Each structure stands twice: as C-alpha cells, then as structure tokens.
C-alpha cells in the first residue's frame, strides 16, 4: 500500500519529463516513446490511489480527470500529434491543480 506522498512523487517525475518535451517541434521516436511511458506512469498513479487511498468520491473523480488527460497524451504521442500533446498536457496540469487547491488549500504545491 503506497502513501499519498509516494504516489505524488510517482507522478511528479514523469510529469516533469513530460513537461520538458511539450515545447519542442519534434517527433523523435525515442521521445514519443518516453512520452507514452510517462503517461503510463501517471495513469498507474491514479489507479494505485484508487486501490489504496480512500478519501471521498470527489477525490476519486479528480484523479479520474488527471487520468482522462494522461490517456489523451498517450493517444496523441502515438499519433505524433504534438499540438494535441501540448493542449492535453496543459489541461492535465489544471487537473493536478484542481485537487491540490481543493484538498491542500492552505499550502503551495507544484505544478
């Protein structure tokens, strides 16, 4: 059973890996591959939270909305559509922030 902080670090490292490539122009296969691996890591984070971190129904749906965009980033990396990778990464960042603001309101958190 992972802890909340552990799950959060399990999402933070692929998040910044994802971030570093959203502002490129590129289509490198090794980069498109690292993107899908990073997306799979973030998705595994939400599935692992569901499995072990029970809080309330909103907590769960917020994780689902991170997972919604993460899967879209995976789909867009595969289609070599990096405009879409960019837009979905921005919206996934909003999804991270929504939970942070709602559940840890009185603390500054990345992203």
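Residue numbers count along the first chain shown, from 1.
- If you average the C-alpha B-factors over 49 to 57 and over 64 to 72, the higher value belongs to 49 to 57.
- Mean CA B-factor, 22 to 30 versus 36 to 44: the higher value falls on 22 to 30.
- When the CA B factors of the chain's modelled residues are split into thirds, the value for residue 107 lands in the highest one.
- Per the PDB record, residue ranking by Cα B-factor puts residue 99 in the lowest third of the chain.
- Compared with the other modelled residues of the chain, the Cα B-factor recorded for residue 11 ranks in the highest third.
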